[PDB]
>>> print(open('work-v1.txt').read())   # compact mmCIF, N, CA and C atoms
# COMPACT_ATOMS: atom_id res chain seq x y z
N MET H 1 21.21 12.38 4.04
CA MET H 1 19.79 12.09 4.33
C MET H 1 19.48 10.64 4.00
N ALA H 2 18.81 9.96 4.93
CA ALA H 2 18.51 8.54 4.77
C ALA H 2 17.65 8.28 3.54
N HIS H 3 18.24 7.60 2.57
CA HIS H 3 17.51 7.18 1.38
C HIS H 3 17.54 5.67 1.26
N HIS H 4 18.64 5.14 0.73
CA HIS H 4 18.79 3.71 0.57
C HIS H 4 19.29 3.09 1.86
N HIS H 5 18.60 2.07 2.33
CA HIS H 5 19.00 1.39 3.55
C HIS H 5 19.93 0.24 3.21
N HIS H 6 19.57 -0.52 2.17
CA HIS H 6 20.45 -1.52 1.56
C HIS H 6 21.10 -2.43 2.60
N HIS H 7 20.28 -3.16 3.33
CA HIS H 7 20.77 -4.16 4.27
C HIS H 7 20.19 -5.53 3.92
N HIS H 8 19.33 -5.52 2.91
CA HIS H 8 18.70 -6.73 2.38
C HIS H 8 17.82 -6.32 1.21
N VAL H 9 17.15 -5.19 1.39
CA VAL H 9 16.34 -4.58 0.35
C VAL H 9 16.73 -3.12 0.20
N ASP H 10 16.27 -2.48 -0.85
CA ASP H 10 16.55 -1.07 -1.06
C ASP H 10 15.61 -0.48 -2.09
N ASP H 11 15.89 0.74 -2.53
CA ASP H 11 14.99 1.46 -3.43
C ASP H 11 14.76 0.72 -4.74
N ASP H 12 13.50 0.64 -5.14
CA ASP H 12 13.10 -0.06 -6.35
C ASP H 12 12.12 0.80 -7.14
N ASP H 13 11.90 0.45 -8.41
CA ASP H 13 11.06 1.23 -9.33
C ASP H 13 11.74 2.55 -9.67
N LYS H 14 11.69 3.49 -8.74
CA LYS H 14 12.40 4.74 -8.89
C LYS H 14 13.59 4.74 -7.95
N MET H 15 14.73 4.33 -8.47
CA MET H 15 15.94 4.23 -7.67
C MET H 15 16.56 5.60 -7.46
N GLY H 16 17.11 5.81 -6.27
CA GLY H 16 17.69 7.10 -5.94
C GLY H 16 16.65 8.11 -5.50
N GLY H 17 15.45 7.62 -5.22
CA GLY H 17 14.39 8.49 -4.76
C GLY H 17 13.92 8.12 -3.38
N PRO H 18 12.85 8.75 -2.89
CA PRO H 18 12.29 8.46 -1.57
C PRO H 18 11.59 7.10 -1.55
N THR H 19 11.91 6.30 -0.55
CA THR H 19 11.32 4.98 -0.42
C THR H 19 10.90 4.71 1.01
N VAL H 20 9.92 3.83 1.18
CA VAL H 20 9.45 3.46 2.49
C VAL H 20 9.55 1.96 2.68
N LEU H 21 10.25 1.53 3.71
CA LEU H 21 10.30 0.12 4.04
C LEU H 21 8.96 -0.31 4.60
N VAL H 22 8.19 -0.97 3.77
CA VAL H 22 6.85 -1.37 4.15
C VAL H 22 6.90 -2.57 5.07
N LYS H 23 6.45 -2.38 6.29
CA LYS H 23 6.36 -3.45 7.26
C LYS H 23 4.94 -3.99 7.31
N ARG H 24 3.97 -3.10 7.10
CA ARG H 24 2.57 -3.49 7.09
C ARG H 24 1.73 -2.48 6.33
N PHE H 25 0.52 -2.89 5.96
CA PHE H 25 -0.43 -2.02 5.30
C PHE H 25 -1.60 -1.74 6.23
N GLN H 26 -2.06 -0.50 6.24
CA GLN H 26 -3.22 -0.11 7.02
C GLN H 26 -4.29 0.45 6.10
N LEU H 27 -5.49 -0.07 6.23
CA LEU H 27 -6.59 0.36 5.40
C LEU H 27 -7.50 1.30 6.18
N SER H 28 -7.79 2.44 5.58
CA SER H 28 -8.59 3.46 6.22
C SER H 28 -9.84 3.75 5.38
N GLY H 29 -11.00 3.58 5.98
CA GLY H 29 -12.25 3.81 5.27
C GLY H 29 -12.90 2.52 4.81
N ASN H 30 -12.18 1.42 4.97
CA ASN H 30 -12.68 0.11 4.58
C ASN H 30 -13.68 -0.42 5.61
N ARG H 31 -14.88 -0.74 5.14
CA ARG H 31 -15.93 -1.26 6.00
C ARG H 31 -16.43 -2.59 5.46
N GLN H 32 -16.30 -2.78 4.15
CA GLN H 32 -16.75 -3.99 3.49
C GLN H 32 -15.72 -5.10 3.64
N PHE H 33 -14.45 -4.73 3.61
CA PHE H 33 -13.37 -5.69 3.75
C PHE H 33 -12.36 -5.20 4.79
N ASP H 34 -11.94 -6.12 5.65
CA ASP H 34 -10.98 -5.80 6.71
C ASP H 34 -9.57 -5.71 6.16
N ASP H 35 -8.64 -5.21 6.98
CA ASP H 35 -7.24 -5.06 6.56
C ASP H 35 -6.70 -6.36 6.01
N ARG H 36 -6.86 -7.42 6.80
CA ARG H 36 -6.42 -8.76 6.43
C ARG H 36 -6.81 -9.12 4.99
N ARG H 37 -8.07 -8.90 4.65
CA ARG H 37 -8.58 -9.21 3.32
C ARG H 37 -7.84 -8.42 2.24
N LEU H 38 -7.58 -7.15 2.51
CA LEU H 38 -6.95 -6.27 1.53
C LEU H 38 -5.43 -6.44 1.52
N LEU H 39 -4.88 -6.89 2.64
CA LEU H 39 -3.43 -7.10 2.78
C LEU H 39 -2.92 -8.16 1.82
N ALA H 40 -3.74 -9.17 1.57
CA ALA H 40 -3.37 -10.24 0.64
C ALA H 40 -3.18 -9.70 -0.77
N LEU H 41 -3.78 -8.55 -1.06
CA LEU H 41 -3.58 -7.88 -2.33
C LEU H 41 -2.17 -7.34 -2.43
N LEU H 42 -1.57 -7.07 -1.28
CA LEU H 42 -0.22 -6.53 -1.21
C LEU H 42 0.75 -7.60 -0.71
N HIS H 43 0.28 -8.85 -0.73
CA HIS H 43 1.02 -9.99 -0.18
C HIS H 43 2.49 -10.05 -0.65
N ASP H 44 2.78 -9.49 -1.81
CA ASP H 44 4.10 -9.59 -2.43
C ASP H 44 4.91 -8.30 -2.30
N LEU H 45 4.44 -7.37 -1.48
CA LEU H 45 5.07 -6.06 -1.41
C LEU H 45 5.97 -5.86 -0.18
N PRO H 46 5.46 -6.02 1.06
CA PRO H 46 6.18 -5.57 2.24
C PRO H 46 7.40 -6.43 2.58
N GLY H 47 8.26 -5.89 3.42
CA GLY H 47 9.55 -6.49 3.66
C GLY H 47 10.59 -5.91 2.72
N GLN H 48 10.13 -4.99 1.88
CA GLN H 48 10.98 -4.34 0.90
C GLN H 48 10.81 -2.84 0.98
N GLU H 49 11.64 -2.10 0.27
CA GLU H 49 11.55 -0.66 0.25
C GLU H 49 10.82 -0.20 -0.99
N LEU H 50 9.52 -0.05 -0.85
CA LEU H 50 8.66 0.38 -1.93
C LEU H 50 8.69 1.90 -2.04
N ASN H 51 8.80 2.41 -3.25
CA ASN H 51 8.80 3.86 -3.46
C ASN H 51 7.36 4.36 -3.51
N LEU H 52 7.18 5.68 -3.51
CA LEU H 52 5.84 6.26 -3.48
C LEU H 52 4.99 5.73 -4.63
N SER H 53 5.59 5.64 -5.81
CA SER H 53 4.89 5.18 -7.00
C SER H 53 4.34 3.76 -6.81
N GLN H 54 5.18 2.87 -6.27
CA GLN H 54 4.76 1.50 -5.97
C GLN H 54 3.72 1.49 -4.86
N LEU H 55 3.85 2.42 -3.92
CA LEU H 55 2.90 2.55 -2.83
C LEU H 55 1.51 2.91 -3.36
N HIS H 56 1.46 3.83 -4.32
CA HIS H 56 0.19 4.21 -4.94
C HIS H 56 -0.35 3.07 -5.79
N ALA H 57 0.55 2.34 -6.44
CA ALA H 57 0.17 1.21 -7.29
C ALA H 57 -0.47 0.10 -6.46
N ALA H 58 0.00 -0.05 -5.23
CA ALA H 58 -0.56 -1.02 -4.30
C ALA H 58 -2.05 -0.78 -4.08
N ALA H 59 -2.43 0.48 -4.01
CA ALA H 59 -3.81 0.86 -3.77
C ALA H 59 -4.69 0.51 -4.96
N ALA H 60 -4.11 0.55 -6.16
CA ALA H 60 -4.85 0.25 -7.38
C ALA H 60 -5.32 -1.20 -7.40
N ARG H 61 -4.53 -2.07 -6.78
CA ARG H 61 -4.88 -3.48 -6.65
C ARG H 61 -6.19 -3.62 -5.90
N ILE H 62 -6.34 -2.82 -4.85
CA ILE H 62 -7.50 -2.90 -3.97
C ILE H 62 -8.71 -2.23 -4.62
N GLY H 63 -8.45 -1.16 -5.35
CA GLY H 63 -9.52 -0.46 -6.04
C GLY H 63 -10.22 -1.34 -7.05
N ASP H 64 -9.46 -2.21 -7.71
CA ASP H 64 -10.01 -3.15 -8.67
C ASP H 64 -10.61 -4.36 -7.95
N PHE H 65 -10.02 -4.71 -6.82
CA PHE H 65 -10.51 -5.80 -5.98
C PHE H 65 -11.97 -5.60 -5.63
N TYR H 66 -12.29 -4.41 -5.14
CA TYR H 66 -13.65 -4.06 -4.78
C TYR H 66 -14.58 -4.15 -5.99
N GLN H 67 -14.09 -3.72 -7.14
CA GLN H 67 -14.89 -3.71 -8.37
C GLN H 67 -15.35 -5.11 -8.74
N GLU H 68 -14.49 -6.09 -8.53
CA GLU H 68 -14.81 -7.48 -8.86
C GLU H 68 -15.81 -8.06 -7.87
N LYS H 69 -15.91 -7.43 -6.71
CA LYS H 69 -16.86 -7.86 -5.70
C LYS H 69 -18.21 -7.18 -5.91
N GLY H 70 -18.25 -6.28 -6.89
CA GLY H 70 -19.48 -5.59 -7.21
C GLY H 70 -19.43 -4.12 -6.83
N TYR H 71 -18.38 -3.73 -6.12
CA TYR H 71 -18.23 -2.35 -5.69
C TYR H 71 -17.46 -1.56 -6.74
N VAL H 72 -18.13 -1.29 -7.85
CA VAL H 72 -17.50 -0.63 -8.99
C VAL H 72 -17.25 0.85 -8.69
N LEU H 73 -18.04 1.39 -7.77
CA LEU H 73 -17.90 2.78 -7.36
C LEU H 73 -16.77 2.94 -6.35
N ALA H 74 -16.26 1.81 -5.87
CA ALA H 74 -15.24 1.82 -4.84
C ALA H 74 -13.84 1.95 -5.44
N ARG H 75 -13.01 2.73 -4.78
CA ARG H 75 -11.63 2.92 -5.21
C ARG H 75 -10.73 3.14 -4.00
N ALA H 76 -9.63 2.41 -3.96
CA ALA H 76 -8.65 2.59 -2.90
C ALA H 76 -7.47 3.39 -3.42
N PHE H 77 -7.05 4.39 -2.67
CA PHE H 77 -5.93 5.23 -3.06
C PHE H 77 -5.05 5.54 -1.86
N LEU H 78 -3.75 5.58 -2.08
CA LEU H 78 -2.81 5.87 -1.01
C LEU H 78 -2.53 7.37 -0.99
N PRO H 79 -3.07 8.08 0.02
CA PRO H 79 -3.02 9.55 0.09
C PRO H 79 -1.66 10.07 0.54
N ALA H 80 -0.80 9.15 0.96
CA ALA H 80 0.53 9.48 1.48
C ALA H 80 0.42 10.25 2.79
N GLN H 81 0.39 11.58 2.70
CA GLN H 81 0.25 12.45 3.87
C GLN H 81 1.31 12.10 4.92
N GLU H 82 2.58 12.09 4.49
CA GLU H 82 3.70 11.72 5.36
C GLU H 82 3.52 10.30 5.89
N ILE H 83 3.90 9.33 5.07
CA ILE H 83 3.73 7.93 5.39
C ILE H 83 4.66 7.51 6.53
N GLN H 84 4.18 6.60 7.37
CA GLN H 84 4.97 6.09 8.48
C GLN H 84 6.14 5.27 7.95
N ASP H 85 7.21 5.19 8.73
CA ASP H 85 8.41 4.46 8.34
C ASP H 85 8.23 2.96 8.57
N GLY H 86 7.15 2.42 8.03
CA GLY H 86 6.86 1.02 8.19
C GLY H 86 5.41 0.71 7.88
N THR H 87 4.52 1.53 8.41
CA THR H 87 3.10 1.39 8.14
C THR H 87 2.69 2.31 7.00
N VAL H 88 2.15 1.73 5.94
CA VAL H 88 1.60 2.50 4.85
C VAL H 88 0.08 2.48 4.93
N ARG H 89 -0.55 3.62 4.71
CA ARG H 89 -2.00 3.71 4.85
C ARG H 89 -2.67 3.98 3.51
N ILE H 90 -3.74 3.25 3.25
CA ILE H 90 -4.50 3.42 2.03
C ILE H 90 -5.94 3.80 2.35
N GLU H 91 -6.48 4.75 1.61
CA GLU H 91 -7.85 5.20 1.79
C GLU H 91 -8.78 4.43 0.87
N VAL H 92 -9.73 3.74 1.45
CA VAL H 92 -10.67 2.94 0.67
C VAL H 92 -12.01 3.66 0.54
N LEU H 93 -12.23 4.26 -0.62
CA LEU H 93 -13.50 4.90 -0.91
C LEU H 93 -14.47 3.87 -1.47
N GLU H 94 -15.20 3.22 -0.58
CA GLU H 94 -16.15 2.19 -0.98
C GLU H 94 -17.39 2.83 -1.60
N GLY H 95 -17.75 3.99 -1.08
CA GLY H 95 -18.91 4.70 -1.55
C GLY H 95 -19.62 5.40 -0.42
>>> encode(input="work-v1.txt", output="structure tokens")
Amino acid sequence: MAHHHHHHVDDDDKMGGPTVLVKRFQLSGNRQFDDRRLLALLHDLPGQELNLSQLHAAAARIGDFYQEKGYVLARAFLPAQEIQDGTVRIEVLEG
């Protein structure tokens, strides 16, 4: 079963587990900030094989991002729900 691709990048954080080669981030529910704006929060992530844990951690960056803009009630979370083999989706609960 396809786990480690290891052609330049491979499983990190939790090695030997399920990983997704992040090619791009997709934001769902975001109305205050566009994908582009939130993507810079993940600027250092894609092009690599991020594991689910790192994928969820990516969303935490955005959840705090909104808070600093005044949206303290806002939280971004990665619901997974069978993530695409390249596109990762994060749910932005702005309020």
>>> closest_residue(input="work-v1.txt", among="H:21, H:4, H:32, H:44", to="residue 69 in chain H", atoms="only C-alpha atoms")
H:32
>>> closest_residue(input="work-v1.txt", among="H:45, H:90, H:2, H:74", to="residue 26 in chain H", atoms="all atoms listed in the file")
H:90
>>> select_by_dssp(input="work-v1.txt", residues="chain H", states="strand (DSSP E or B)", output="ChimeraX atom specification")
/H:11,19-21,24-28,49-51,75-77,87-93
>>> closest_residue(input="work-v1.txt", among="H:9, H:73, H:1, H:42", to="residue 25 in chain H", atoms="only C-alpha atoms")
H:42
>>> residues_around(input="work-v1.txt", residues="residue 13 in chain H", least_positions_apart="2", cutoff="6.5 Å", atoms="only N, CA and C atoms", output="list in words")
residues 11, 15 and 51 of chain H
>>> closest_residue(input="work-v1.txt", among="H:12, H:62, H:95, H:6", to="residue 41 in chain H", atoms="only C-alpha atoms")
H:62
>>> select_by_dssp(input="work-v1.txt", residues="range 29-58 of chain H", states="helix (DSSP H, G or I)", output="VMD selection string")
chain H and resid 35 to 42 52 to 58
>>> atom_distance(input="work-v1.txt", atom1="atom N of residue 60 in chain H", atom2="CA of residue 20 in chain H")
16.3 Å
>>> atom_distance(input="work-v1.txt", atom1="CA of residue 80 in chain H", atom2="CA of residue 59 in chain H")
11.0 Å
>>> closest_residue(input="work-v1.txt", among="H:94, H:52, H:36, H:24", to="residue 71 in chain H", atoms="all atoms listed in the file")
H:94
>>> closest_residue(input="work-v1.txt", among="H:37, H:23, H:56, H:43", to="residue 86 in chain H", atoms="only N, CA and C atoms")
H:23
>>> axis_aligned_box(input="work-v1.txt", around="range 35-50 of chain H", padding_each_side="6 Å", output="AutoDock Vina command-line options")
--center_x 1.5 --center_y -4.2 --center_z 2.3 --size_x 32.3 --size_y 24.1 --size_z 21.4
>>> atom_distance(input="work-v1.txt", atom1="CA of residue 65 in chain H", atom2="CA of residue 14 in chain H")
25.4 Å
>>> decode(input="work-v1.txt", residues="range 17-53 of chain H", atoms="N, CA and C atoms", output="mmCIF file, in the first residue's frame")
data_model
loop_
_atom_site.group_PDB
_atom_site.id
_atom_site.type_symbol
_atom_site.label_atom_id
_atom_site.label_comp_id
_atom_site.auth_asym_id
_atom_site.auth_seq_id
_atom_site.Cartn_x
_atom_site.Cartn_y
_atom_site.Cartn_z
ATOM 1 N N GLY H 17 3.531 6.355 8.787
ATOM 2 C CA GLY H 17 2.093 6.492 8.847
ATOM 3 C C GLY H 17 1.531 7.074 7.572
ATOM 4 N N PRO H 18 0.233 7.385 7.546
ATOM 5 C CA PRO H 18 -0.410 7.967 6.373
ATOM 6 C C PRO H 18 0.017 9.415 6.166
ATOM 7 N N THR H 19 0.395 9.744 4.943
ATOM 8 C CA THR H 19 0.836 11.087 4.614
ATOM 9 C C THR H 19 0.216 11.556 3.310
ATOM 10 N N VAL H 20 0.093 12.863 3.164
ATOM 11 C CA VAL H 20 -0.448 13.446 1.953
ATOM 12 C C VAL H 20 0.547 14.427 1.359
ATOM 13 N N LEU H 21 0.920 14.212 0.107
ATOM 14 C CA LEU H 21 1.766 15.162 -0.587
ATOM 15 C C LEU H 21 0.963 16.410 -0.893
ATOM 16 N N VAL H 22 1.186 17.435 -0.103
ATOM 17 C CA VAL H 22 0.441 18.664 -0.237
ATOM 18 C C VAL H 22 0.932 19.464 -1.430
ATOM 19 N N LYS H 23 0.064 19.633 -2.408
ATOM 20 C CA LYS H 23 0.373 20.435 -3.573
ATOM 21 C C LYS H 23 -0.230 21.822 -3.419
ATOM 22 N N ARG H 24 -1.375 21.891 -2.746
ATOM 23 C CA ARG H 24 -2.039 23.164 -2.498
ATOM 24 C C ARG H 24 -2.992 23.060 -1.313
ATOM 25 N N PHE H 25 -3.376 24.214 -0.786
ATOM 26 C CA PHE H 25 -4.348 24.290 0.294
ATOM 27 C C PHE H 25 -5.640 24.913 -0.218
ATOM 28 N N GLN H 26 -6.760 24.366 0.211
ATOM 29 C CA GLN H 26 -8.063 24.910 -0.132
ATOM 30 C C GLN H 26 -8.806 25.290 1.137
ATOM 31 N N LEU H 27 -9.306 26.510 1.172
ATOM 32 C CA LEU H 27 -10.017 26.999 2.334
ATOM 33 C C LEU H 27 -11.514 26.974 2.075
ATOM 34 N N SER H 28 -12.243 26.387 3.006
ATOM 35 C CA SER H 28 -13.675 26.233 2.877
ATOM 36 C C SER H 28 -14.388 26.923 4.040
ATOM 37 N N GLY H 29 -15.256 27.870 3.716
ATOM 38 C CA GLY H 29 -15.976 28.599 4.740
ATOM 39 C C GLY H 29 -15.387 29.973 4.989
ATOM 40 N N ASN H 30 -14.244 30.237 4.370
ATOM 41 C CA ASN H 30 -13.567 31.519 4.509
ATOM 42 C C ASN H 30 -14.242 32.588 3.659
ATOM 43 N N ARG H 31 -14.657 33.665 4.303
ATOM 44 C CA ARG H 31 -15.313 34.770 3.619
ATOM 45 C C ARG H 31 -14.572 36.074 3.893
ATOM 46 N N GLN H 32 -13.895 36.128 5.032
ATOM 47 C CA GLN H 32 -13.148 37.311 5.433
ATOM 48 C C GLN H 32 -11.790 37.353 4.747
ATOM 49 N N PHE H 33 -11.191 36.187 4.568
ATOM 50 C CA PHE H 33 -9.892 36.087 3.920
ATOM 51 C C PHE H 33 -9.923 35.022 2.836
ATOM 52 N N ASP H 34 -9.355 35.351 1.684
ATOM 53 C CA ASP H 34 -9.311 34.434 0.548
ATOM 54 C C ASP H 34 -8.241 33.366 0.743
ATOM 55 N N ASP H 35 -8.251 32.346 -0.121
ATOM 56 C CA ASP H 35 -7.284 31.248 -0.032
ATOM 57 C C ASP H 35 -5.868 31.792 0.007
ATOM 58 N N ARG H 36 -5.554 32.637 -0.969
ATOM 59 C CA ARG H 36 -4.243 33.269 -1.085
ATOM 60 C C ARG H 36 -3.748 33.813 0.257
ATOM 61 N N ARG H 37 -4.606 34.567 0.936
ATOM 62 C CA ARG H 37 -4.260 35.166 2.223
ATOM 63 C C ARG H 37 -3.899 34.097 3.256
ATOM 64 N N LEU H 38 -4.665 33.014 3.273
ATOM 65 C CA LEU H 38 -4.480 31.963 4.270
ATOM 66 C C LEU H 38 -3.361 31.000 3.867
ATOM 67 N N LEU H 39 -3.103 30.906 2.570
ATOM 68 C CA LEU H 39 -2.063 30.023 2.034
ATOM 69 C C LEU H 39 -0.679 30.421 2.520
ATOM 70 N N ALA H 40 -0.461 31.716 2.685
ATOM 71 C CA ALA H 40 0.818 32.219 3.180
ATOM 72 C C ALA H 40 1.095 31.724 4.596
ATOM 73 N N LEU H 41 0.045 31.343 5.309
ATOM 74 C CA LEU H 41 0.193 30.753 6.631
ATOM 75 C C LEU H 41 0.801 29.366 6.521
ATOM 76 N N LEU H 42 0.604 28.739 5.369
ATOM 77 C CA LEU H 42 1.113 27.398 5.120
ATOM 78 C C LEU H 42 2.277 27.452 4.139
ATOM 79 N N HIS H 43 2.797 28.658 3.932
ATOM 80 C CA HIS H 43 3.849 28.928 2.940
ATOM 81 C C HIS H 43 5.020 27.928 3.000
ATOM 82 N N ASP H 44 5.256 27.347 4.169
ATOM 83 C CA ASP H 44 6.419 26.487 4.391
ATOM 84 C C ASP H 44 6.052 25.005 4.414
ATOM 85 N N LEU H 45 4.836 24.672 4.015
ATOM 86 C CA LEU H 45 4.362 23.296 4.143
ATOM 87 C C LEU H 45 4.384 22.502 2.828
ATOM 88 N N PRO H 46 3.708 22.966 1.752
ATOM 89 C CA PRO H 46 3.453 22.117 0.590
ATOM 90 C C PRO H 46 4.703 21.850 -0.243
ATOM 91 N N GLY H 47 4.612 20.844 -1.099
ATOM 92 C CA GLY H 47 5.774 20.346 -1.799
ATOM 93 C C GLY H 47 6.411 19.215 -1.023
ATOM 94 N N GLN H 48 5.809 18.907 0.118
ATOM 95 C CA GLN H 48 6.291 17.859 1.002
ATOM 96 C C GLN H 48 5.149 16.924 1.361
ATOM 97 N N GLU H 49 5.474 15.822 2.016
ATOM 98 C CA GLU H 49 4.461 14.873 2.439
ATOM 99 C C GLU H 49 4.124 15.086 3.903
ATOM 100 N N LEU H 50 3.117 15.905 4.126
ATOM 101 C CA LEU H 50 2.656 16.230 5.462
ATOM 102 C C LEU H 50 1.710 15.141 5.951
ATOM 103 N N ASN H 51 1.881 14.722 7.195
ATOM 104 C CA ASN H 51 1.002 13.711 7.771
ATOM 105 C C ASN H 51 -0.258 14.376 8.305
ATOM 106 N N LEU H 52 -1.247 13.583 8.692
ATOM 107 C CA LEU H 52 -2.526 14.131 9.146
ATOM 108 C C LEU H 52 -2.324 15.119 10.291
ATOM 109 N N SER H 53 -1.445 14.770 11.221
ATOM 110 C CA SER H 53 -1.175 15.611 12.378
ATOM 111 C C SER H 53 -0.664 16.994 11.952
#
